[PDB]
Amino acid sequence: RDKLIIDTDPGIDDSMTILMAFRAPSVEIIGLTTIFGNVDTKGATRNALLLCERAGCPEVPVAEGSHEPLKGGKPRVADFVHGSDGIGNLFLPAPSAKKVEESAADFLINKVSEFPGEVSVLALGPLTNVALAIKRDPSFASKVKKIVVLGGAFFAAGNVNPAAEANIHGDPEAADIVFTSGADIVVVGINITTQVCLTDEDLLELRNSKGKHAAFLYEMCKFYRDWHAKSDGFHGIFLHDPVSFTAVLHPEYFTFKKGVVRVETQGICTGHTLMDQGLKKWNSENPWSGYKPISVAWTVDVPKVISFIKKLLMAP
Amino acid sequence: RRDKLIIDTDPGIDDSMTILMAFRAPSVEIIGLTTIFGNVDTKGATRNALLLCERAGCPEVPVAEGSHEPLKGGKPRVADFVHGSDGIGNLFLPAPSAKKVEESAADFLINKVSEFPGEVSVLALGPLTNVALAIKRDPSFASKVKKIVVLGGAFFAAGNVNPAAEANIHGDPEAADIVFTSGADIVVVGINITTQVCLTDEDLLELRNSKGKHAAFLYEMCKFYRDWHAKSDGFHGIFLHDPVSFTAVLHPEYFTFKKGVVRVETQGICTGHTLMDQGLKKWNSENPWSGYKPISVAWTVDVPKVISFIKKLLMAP
Ligand SMILES: Nc1ncnc2[nH]cnc12
Ligand SMILES: Nc1ncnc2[nH]cnc12
Ligand SMILES: [Ca+2]
Ligand SMILES: [Ca+2]
């Protein structure tokens, strides 16, 4: 079993990913660390605690992270995508289980330091907790086995605005700290996730399936699917957080390009992710020179990724 | 019925090929060359444009010297490692006899466009400083210009200055943003298009051995240009960038275009980055791409048709 920490802002697709991860036998979830984005940090914590209870694992630690990005100030949350409660306006009763005392940043440092080179981090939200861990412990990057990042848009339009994807836009400074940290990183951008979809027909197949959480998953997805229809004009949902989970377990379902990634932190392109493939020899140094490259998902085997996700979502 | 054209340029090896092509094109009337920095300093660009008019047997064609620096200021660092110290591949030719006109490139653009409203097209082959100065000085310029075809930017593709930016836009980001948001009829030909259109070493030899009026001069300039492509891009030949934008003026049917708002990043690590909003996604709230008039971005190129048209003009006797 591969040790995994999920840093997340649940969040409808985050919730699908967490429930899938609990059902994946080759994965050991050692904790959930929460962040703002789809909902405020306190809402993300409440949802993560409820997911642990729903999965029949209320002992799995939930560590609450930063309430604000690194630059400071109250974050604007995607309630128009994930609902006011962050799980598609289901307004469910509060969990009985409680979060741990330590912050998400300290939890990340402690678990990674306890098992060096063995713990993988799946980052499903803004990268604030991961960047805080990197800044507080400068050896953190070298100790984490792998960091799989759902975020960015590589030579494709963003979802916040043309320039930026939501997780990166939520904390550009944190994202730039993570991408330049020297850790073994895999980045799954919008250029990849828009290729992997669950149509309305696929969602009905889930509702009618024998899946353990099929009814709950279908109910959350109604609001999420509605946003895709209203904004993207797509009748179904894009699978973003479940695609990054697929990249943890089955990196062979993708092809990757190695290159230095930088994040724009100011101006009209705040939150923009840009990779240097290194195919052109630059005449002089630039912001991409001297950093360690990271792995950027370039292609995706769509039938293989869809098959793997459907199998986990519909497992009894 | 010849189409009036002003070429705003920083010659420049591919700029020079474009100007000589434009002079051989019968359906085109070049009413002037306006110069800017980039490949070489503005002075060098002017000297080269004057020499091109003389070489083409048209020394009466006006050359108007433009800005010596971008809108934000500062002496520009020039691409001498791409186009040579003289900007034309280190040929170091004698000075022209013809002299530039008295008026600046910005005033020339305003005057010619006001003289023939809706008839003058502008082909922009360098940083957009002169065009932006014309737009700022005269608020009717944008409506009176027939079309502005811009060689610049990189749309969902790496730049050539650095991963973020293409050279012409990076030379003056503020000017580029002024042009793209001006409301004029604009066509932008980015790096995403021009890297698809090439002349191999074999194609260059075919030009040297041709009956082209300027074949010997074009081949001589291209030696330095080709060596940069081999060193930097690893390509044995040259990309055709400025000649592709000229092809977009005369044969827009050799391309497909997407309409959308284009904004230019002016600060930070992404200074000079060009980004279009195709408008296919309904945004929840307003953003820097909201409320501007969309422009035309070249999306695909019929490579055999574009190469055939360029070769025809370069090899015309
Ligand atoms: N379209 C979108 N999808 C997901 N999260 C978002 N946050 C803001 N816009 C978003
Ligand atoms: N490859 C390139 N072509 C033109 N101008 C440049 N300036 C910097 N790199 C350049
Ligand atoms: Ca998420
Ligand atoms: Ca040029």
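The chains referred to below are lettered A, B, ... by the order of the sequence lines, with proteins before strands, and numbering in each begins at 1. Below, each value reflects all heavy atoms present in this structure, side chains not excepted, and no hydrogens, waters or symmetry copies. Remember, it's 1-based here, ligands and their atoms both numbered in the order they're listed.
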**Q** Please report the shortest heavy-atom distance between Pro76(B) and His68(B), naming the atom on each side.
**A**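 Shortest heavy-atom separation between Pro76(B) and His68(B) comes out as CD-O, 3.3 Å.
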
**Q** Considering residues at least two apart in sequence or located in another chain, which fulfil the side chain to side chain contact (heavy atoms under 4.5 Å, CB included) criterion with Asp201(B)?
**A**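 With sequence neighbours excluded, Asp201(B) shows a side chain to side chain contact (heavy atoms under 4.5 Å, CB included) to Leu204(B), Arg226(B), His236(B), given in chain and number order.
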
**Q** For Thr18(B), does its backbone N or O pair with a side-chain atom of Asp242(B) as donor and acceptor, under 3.5 Å?
**A**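 Checking the backbone N and O of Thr18(B) against the side chain of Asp242(B), no donor-acceptor pair under 3.5 Å is found.
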
**Q** Give one line per pair: atom of ligand 2, protein atom, distance. Only N/O to N/O under 3.5 Å.
**A**
from     : atom 1 : to        : atom 2 : distance (Å)
ligand 2 : 1 (N)  : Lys280(A) : NZ     : 3.3
ligand 2 : 1 (N)  : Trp228(B) : NE1    : 3.2
ligand 2 : 9 (N)  : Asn160(B) : O      : 3.3

**Q** Taking backbone and side chain together, does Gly11(A) place any N/O/S atom at a distance below 3.0 Å from the Ca ion (ligand 3)?
**A**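 Under 3.0 Å: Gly11(A) has no N, O or S contact with the Ca ion (ligand 3).
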
**Q** Any side-chain heavy-atom pair from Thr42(B) and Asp10(B) closer than 4.5 angstrom?
**A**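 When only atoms from C-beta onward are counted, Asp10(B) and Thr42(B) do not touch, as no gap falls below 4.5 Å.
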
**Q** Measuring to the Ca ion (ligand 4), does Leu125(B) have an N/O/S atom at a distance below 3.0 Å?
**A**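 Yes, since at least one N, O or S atom of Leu125(B) sits under 3.0 Å from the Ca ion (ligand 4).
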
**Q** Looking from the Ca ion (ligand 3), what is the angle between OD1 on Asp14(A) and OD1 on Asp9(A), to the nearest 10°?
**A**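 Between OD1 of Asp14(A) and OD1 of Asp9(A), the angle at the Ca ion (ligand 3) is about 90°.
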
**Q** Could you tell me whether any N, O or S atom belonging to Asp13(A) is less than 3.0 Å from the Ca ion (ligand 3)?
**A**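 It does not: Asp13(A) brings no N, O or S atom closer than 3.0 Å to the Ca ion (ligand 3).
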
**Q** Using side chain to side chain contact (heavy atoms under 4.5 Å, CB included) as the criterion, list what pairs up with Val81(A), not counting sequence neighbours.
**A**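 If we apply the side chain to side chain contact (heavy atoms under 4.5 Å, CB included) test to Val81(A), skipping adjacent residues, the hits are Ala78(A), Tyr224(A), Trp227(A).
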
**Q** Measure across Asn160(B) and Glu166(B) and return the closest heavy-atom pair with its distance rounded to 0.1 Å.
**A**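 The answer is OD1-CA, 3.2 Å.
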
**Q** Counting N and O atoms only, with roles assigned by atom type, does the side chain of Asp171(A) sit under 3.5 Å from a partner on the main chain of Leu70(A), one being a donor and the other an acceptor?
**A**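 Side chain of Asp171(A) to backbone of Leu70(A): a pair is present.
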
**Q** Which N/O/S atom belongs to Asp241(A) and is the closest one to the Ca ion (ligand 3)?
**A**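 Relative to the Ca ion (ligand 3), the closest nitrogen, oxygen or sulfur of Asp241(A) carries the name OD2.
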
**Q** Using the test side chain to side chain contact (heavy atoms under 4.5 Å, CB included), find all partners of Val40(B) that sit at least two apart in sequence or belong to another chain.
**A**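 Listed in chain order: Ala45(B).
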
